[PDB]
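Engineer: Below is a structure I'd like to ask you about.
Protein chains in written order, with the entry's author numbering: chain D, 7 to 233; chain E, 7 to 233; chain F, 7 to 233; chain G, 7 to 233; chain A, 7 to 233; chain B, 7 to 233; chain M, 1 to 203; chain L, 1 to 203; chain K, 1 to 203.
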């Protein structure tokens, strides 16, 4: 009945077709971000579909520019299209003003594009969530963003199938201003808590940025020291 | 039957799809505004989803310019989009005439954008209500505005889940021309009356403006003195 | 069946969706207009939703220019939008010709906009009726106009819930060329005949214009002398 | 089934939705036209909804130019919109060529506009019939035109509720080249034959034009001499 | 099921909606064309709805230019619209090249317009058939064309209700290169064979053209000599 | 269910609406093409609906230019429209490059136009198959093309009702590099194999082209020598 | 060209001559430069003939349509305000014309309108290359208190003077008189000639 | 043309002359260059008459609409800022005009606006070809402490001086006085003439 | 016109004069050429007044909207880059202006921007027809180590010099001082005059 078009409200004032887009996001790999002392980090799991796949390719952590990065979960083709919108949106701002003073605005622009697809008939929403993490003139930032166009700023958060596991673990364990090394360890520990024991965590992706620096992608060896 | 498209009247001459949009508004946090001696104020509650969220972010009270503010309730992505339409609409008027003589006109423009989406097929309405409060050349103003594009001017009003609680309490308790401090206390008191006892009011937002001044956002400490 | 789209005729040649729009008009406050000696007047009732509302705001009688006014009933957001179309349409005519020779033509333009939305799929009709009253070069004019785009010129008429009460009372009691004061008294009396006794008529709106003058809006004290 | 969209043929090759529009025409007041010696005339009945209505207003016989007039039956708002198309169309032709050599072409343009709305989805037909009567370079002309866009030239015809009554009466009684006065008498007589006895014919409209002259609208006193 | 949109194929590969349009053509008056010695002719019957109709008006045989004519059957408003397209199309070709070398191309253009309306949703087909007859640089031509956009060239053919009667009669009786007078007699005789005896053939239309000449419309007296 | 719109996949990944278009092609007359020593030929059957039809008209074999020809089967109006697209497409290529190096590209353009109508809602596919045969700079070419936009190059093939008969007969009997006369005989023989005995093959169409020449249409006498 | 428009108590008189020249070359001796464009409105044209004639046709159409829609005649000032807007809208690709619009609504009016939409009301005005000569006769001889006969003579003179000294002006004089009573009446030629003879003039 | 606008304690006085010339040719002696465009706002025009007249009509329409929508009069500065935007938007195909806008909101104001949207407020200003002569009188004679009667005389003089030395200026002087108390009041002709006579002047 | 912007340790000082001329004709003696466009940003305008005033309004609107959206003030360099883009986009139909933008973010800045979008930062800059004379005073007298008072005096001198030798410059000098502590503060007229008197100058 009220279930079948993005332009229809339910009698309780719901947009089920958007709620359903949100279920697509649960089917992705788990990723998380968190703030620590003068910085922010991302860590992502990854389905490795086979051993005939190429590892050093289609990365779950994607740089938007040198100081901003995003992880995504949900439909992959949608996620790709949104990350490239995010990059082009970032460059438009830099050309207009010479720099990206507040990352919240990039995020909002991306969130608005998504919101727009929850209002005009003839399109479906993007079945994607994103976490953006970076440094701007306010400081280290960490945002998420869903198919509805909803935005929140966090100290730590996660997206993907293991989201709920990882958020509980962090609700108990997270502290602010950890040093980078401990922050990464807490993160790996949190990620593991979302697996189903027996199942073991292969090489995940880790990026981090600290105030006054550019992003820094951990290579598989450096990542290994935490497994 | 008559329930399923914005362009369809019921046989009693109703637009149910719009009525349904209005239910979305009941799912927001409660917020209220009221006029007092030479000024107007806004107070808003807030869902605090977790302790991993960032407090000093995504505010329920939003400045439209230095002399006008809004609170909103309902679908948050819709609300964000409408606040930014409001801001750009305000600046267009200032560029055209050099100032914003009557806030009612800003509100009407926003309300007209909303009405438009209750008449043309291919779009759904915005599931949002807003309160606008500010000073203009008429004096202190307080308006609300719903998904239908309906507008009213008030001495006091509210929007959100606890609307009916808060409007009764004010129907019994509100007087005009209170000093600021008493108006704020009456507001906190009214807001509490909408909670379900046991449940207690955490730090809410408070902004105020008086004739001849710019808006003034209460910090969490100043707010605390009223809790 | 034939009930659900503005573009569909019933087998008897009816547009029910338009007939349904007409029911929305019955849900408004009652208002009436009448011609008297060298002039015309409007009187409107008003839902006063609360004591927290602001009286000197959102008026049911709206000036279109200095010599033409309108009252409306039905969906309020639709009404607002139509009144502003009416005002811009009036000013276009003045700019083209230097004046508004015949009010019937302003009304027709508004009625044509309304008719248009009863023919093209993808839009619903405006759920609004209007009465226009003013002086032009023919003399004092009084028109009404409904969702269908139908127009009539009257000596006296009404719109809103109490329409039928008020039109009977006037069918019995109206005479032409009354002096202003008696015309206003007949009007208040007619309006009361539509209330449900017990229920009493609070302060209504009253505007009047006479040949060679501009419109004149009665203040609440002047109105009180007739209650 | 085959009943519900202007773009759908029935298996017998019918457009029911157009046939239904043709039923809207039966709900109008009866009007007629007829040719007589060097001229043509129109006569129209009129619903007089009340005594609070203004007589010298919204006329059923409408001039298209000085030498062409129309009467219409059906949805009034549609009819208004068509008569104004008719007028603008007449003037376009006069501006292009300096005059209106053959009225059939005006009528065809109007008929084509109507046909167009019986072929493209997204619009309903105009629920209107018209009679056009005038003098052109061929001579006195009398046409009708329906929601389908169908056109015929007559010596006498009628439209409205009483159509069939009036056409029978004329099938028996009409002769060509009557003098104007007898032609008008026959018309009034025919019109009366369509009423339901008891029911009596109030003041109807009468317009006439003869070769080498402009149209001439009978005033209510002149009309009365025939009642 | 497969019956209700011009864009839908049946599982047997049929377009019923087009087949249905073809039924509209059966409801028209019968007309025929035939080639004879150095020429071609058309003859058309005619519904004479009343004696109040004007005979010398809305002709079933219509000239497209001086050397090409058409008769049509089906929905009259659609036919009118197509004949005018035909005329405008004829003049475009003459302006481009100075003359109309091959009538087949005019017909194809008209036929393509028709086909187009059997492929894109949002329109219905024209419920019309036409016969075109004229002289061009190939010689005397006779074509028909239906709602599907199908075209054939004939020696003789017919369209309308009495089509099948007239085609059989001609299958038995037609010979090529008759003199004009005998061709016309054969035609009248054929036309009569399609009536239902008792029923008798009133004055029909007859046009003819021979090589090196322009068209020639028989007047009602000349036509009478064959009845 | 999955049956009723060109834009819908069945759960097995099929486009039934296109498969149904393919059934329209089976209703056409049988035609075939085959390559022989330094050339290619076409032969087509023909429904001869009556003896009142004109033979030397609407040909099943159609020249696209002097070196390329096509035969088509299915809905005739769609086929006409596609042949003209083919001709215009050929001339565009010749104007751009001065010649048509590879006929496969002409075909692909025609095939792409067809594919396009199997992907966007609001249009149905063309219910047509075509065979194109000609000489280009690669050599003698023979392609077919169906409603789906699918293309194949053949040594021999056929389209129409008798397709399956003619393809079997050729699977058994065809050899490459026959002389023209034997090729034509094999073709006539193949064609006859698809008839239902009793039923006999009237005069069919035969066109042929050899390297270094232009096309050559056999006249009915030359064709007769093979019957 | 010479055209003139004057007002009196309850009347407007408009007159023109008829000559059309391509430079010094007199192509046509009886062009028309005075037109009725409504029951009580007349217009005179000077300037490029094609632009003038197009505007005459629009004003006829639009004033007829207006009258049917409003059931009253366009006020003369409205006619001017319309023209004013039309012409100004296309000022950079203008109608190369000077117009006089004259008529009766509640009173007599004459408006003069330029190719940029400047419109001004006056008790009298003239346009065309002969206008300065006319403005001379009128300055000296016009009176408000003149009668319609006196006024008709006046304009005959003003144009006859213009014709005598403007080679771009010539031919028969046309006059129209617009009154509430009889509407726009174009005086017959034989009457104008009679007055030309009685006033002692030429052409 | 000569127009002037001055401010005083609680009043604005605006005045113009009425002459309209096509070059050296005085086509109309009583054109109108001073218009009320709102309850307490007046506008004077100079420059191309078509462009001026169009803008008068727009300002009337738009200031009336604004008032109905806002339930207050457009602030005078707002009226200037509107005009400023309107004119700048089309600067490369401009309205060839100079405008004065004067009025009372919380105080008196006079703004001067050019064909590029330059707008500047001043205690007084003048425009048109006669403006330098006016600026002379005012420089020498204007006082802030002048009374409304003293001010009216001053402007009558400034324009009379302009008329005496600018052949593009002439005709009757129009004055309007705008005050909170009585709004925009256009002084009657006979009162202006009386003051002209009493001050000892001409035309 | 003469405008100037200088930087010091923790301060920006910006000054202009007020004269507006249509050629040699001094139309207005107190126009405004210095505007605050953000909490810690000021802008000075030179060139076509209509183009300058439009840009003042846009920068006010856009810098206010930016601040609300970002919750921080636009960096001064960002303000310049915005203007740079705006102006270059329309270089072939340009804003005929020279702008100074001055302000405080993490440090003081002054940027100078031309009608093609050229933008350059400098420790000081001047613009308008008087600017060469200013550049003279500054070359000889500016020091980085100057105090805010010394700097205010310096600019008063530079503009006084400009006024004495540029007939397009004149009127009261406006000065604003922009600091982190007190924001953009427009010095009061009576204080500027006092310093003019104490430094021994004129106008």
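Yeah, the Cβ is synthetic: ideal placement off N, Cα and C, and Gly gets one too.
Could you say if the region 26-35 of chain B and the region 15-24 of chain A meet the contact criterion of at least three C-beta pairs nearer than 8 Å?
Structural biologist: With a cut-off of 8 Å, the region 15-24 of chain A and the region 26-35 of chain B count as touching, because enough Cβ pairs lie within range.
Engineer: Tell me whether residue 118(F), by its Cβ, gets closer than 8 Å to a heavy atom of the ligand NAD.
Structural biologist: Because no ligand of any kind appears in the structure shown, any question about the ligand NAD cannot be addressed here.
Engineer: Is the CB-CB distance between residue 178(L) and residue 128(L) below 9 Å?
Structural biologist: Cβ atoms of residue 178(L) and residue 128(L): not closer than 9 Å.
Engineer: Using a Cβ cut-off of 8 Å, which residues of the region 37-57 of chain M contact any Cβ in chain G, in chain order?
Structural biologist: Residues 57.
Engineer: Spell out whether any CB of chain L is found under 9 Å from the CB atom of residue 29(K).
Structural biologist: Residue 29(K) counts as touching chain L.
Engineer: For residue 86(F), return the contacting residues in chain E, with the cut-off set at a CB-CB distance below 9 Å.
Structural biologist: Per Cβ cutoff of 9 Å: 114, 117, 118, 121, 155, 156 and 157.
Engineer: I'd like the span of the beta strand (DSSP E) that includes residue 78(L), first residue to last.
Structural biologist: Residue 78(L) -> not in any beta strand (DSSP E); alpha helix (DSSP H) instead, spanning 76-89.
Engineer: Scan the region 148-186 of chain F and note each continuous beta strand (DSSP E) run of 3 residues or more that stays entirely inside, going in chain order.
Structural biologist: Within the region 148-186 of chain F, the complete beta strand (DSSP E) runs of at least 3 residues are 157-159 and 162-165.
Engineer: In whole angstroms, what separates the C-alpha of residue 14(F) from that of residue 128(G)?
Structural biologist: For residue 14(F) and residue 128(G), the distance between alpha carbons rounds to 10 Å.
Engineer: How would you label residue 185(G), buried or exposed, when you count the other beta carbons within 10 angstroms and need 16 or more for buried?
Structural biologist: Exposed, by the Cβ-count rule.
Engineer: Using the rule of at least 16 other Cβ atoms within 10 Å of the residue's Cβ for burial, across every protein chain shown, is residue 172(B) buried or exposed?
Structural biologist: It is buried - the Cβ of residue 172(B) has at least 16 other Cβ atoms within 10 Å.
Engineer: I need the boundaries of the beta strand (DSSP E) containing residue 69(E), first residue and last residue.
Structural biologist: Here the beta strand (DSSP E) through residue 69(E) covers 67-71.
Engineer: Less than 9 Å between CB atoms is the rule here; does residue 98(F) satisfy it with respect to chain G?
Structural biologist: So no, residue 98(F) is outside the interface.
Engineer: If distances are taken between C-alpha atoms only, which option among 125(L), 172(L), 169(L) and 35(L) comes closest to residue 58(L)?
Structural biologist: Per the Cα distances, 35(L).
Engineer: Can you find the residues in the same chain that come closer than 6 Å, C-beta to C-beta, to residue 211(B), ignoring five residues on each side of it along the sequence?
Structural biologist: So the list reads 50, 66 and 67, once near-sequence residues are dropped.
Engineer: Starting from residue 64(M), follow the alpha helix (DSSP H) in both directions and report where the run begins and ends.
Structural biologist: 49-70 is the span of the alpha helix (DSSP H), which, as asked, contains residue 64(M).
Engineer: Confirm, please, whether the CB-CB distance from residue 199(M) to residue 140(M) is below 9 Å.
Structural biologist: Against a cut-off of 9 Å, the Cβ pair of residue 199(M) and residue 140(M) comes out as no contact.
Engineer: Do residue 165(B) and residue 46(B) have their CB atoms nearer than 9 Å?
Structural biologist: In this structure, residue 46(B) does not lie closer than 9 Å to residue 165(B) by Cβ.
Engineer: Using the C-alpha atoms, what's the distance from residue 132(M) back to residue 21(L)?
Structural biologist: Using only the alpha carbons, I get a separation of about 13 Å.
Engineer: Decide if the region 33-44 of chain E is in contact with the region 35-44 of chain D; the criterion is three or more beta carbon pairs, one per stretch, under 8 Å apart.
Structural biologist: Too few Cβ pairs lie closer than 8 Å, so no.
Engineer: Use the C-beta contact count for residue 183(G): other C-beta atoms within 10 angstroms, 16 or more gives buried, fewer gives exposed.
Structural biologist: Result: exposed.
Engineer: Restricting to runs no shorter than 4 residues, where is the alpha helix (DSSP H) found entirely within the region 105-168 of chain M?
Structural biologist: Here the runs fully enclosed are 131-141 and 148-165.
Engineer: Candidates 174(E), 117(E), 216(E) and 84(E): which alpha carbon is nearest residue 57(F)'s?
Structural biologist: Nearest of 174(E), 117(E), 216(E) and 84(E) to residue 57(F), Cα basis: 174(E).
Engineer: Under 9 Å between the Cβ atoms of residue 124(L) and residue 5(L)?
Structural biologist: Taking 9 Å as the Cβ cut-off, residue 124(L) and residue 5(L) qualify as a contacting pair.
Engineer: DSSP three-state label for residue 53(G), please.
Structural biologist: Note: residue 53(G) maps to coil in three-state DSSP.
Engineer: Under 6 Å Cβ to Cβ from residue 37(M), same chain only, skipping five residues before and after it: list those, please.
Structural biologist: Excluding residues within five positions, the ones whose Cβ falls inside 6 Å are 43, 59, 60 and 63.
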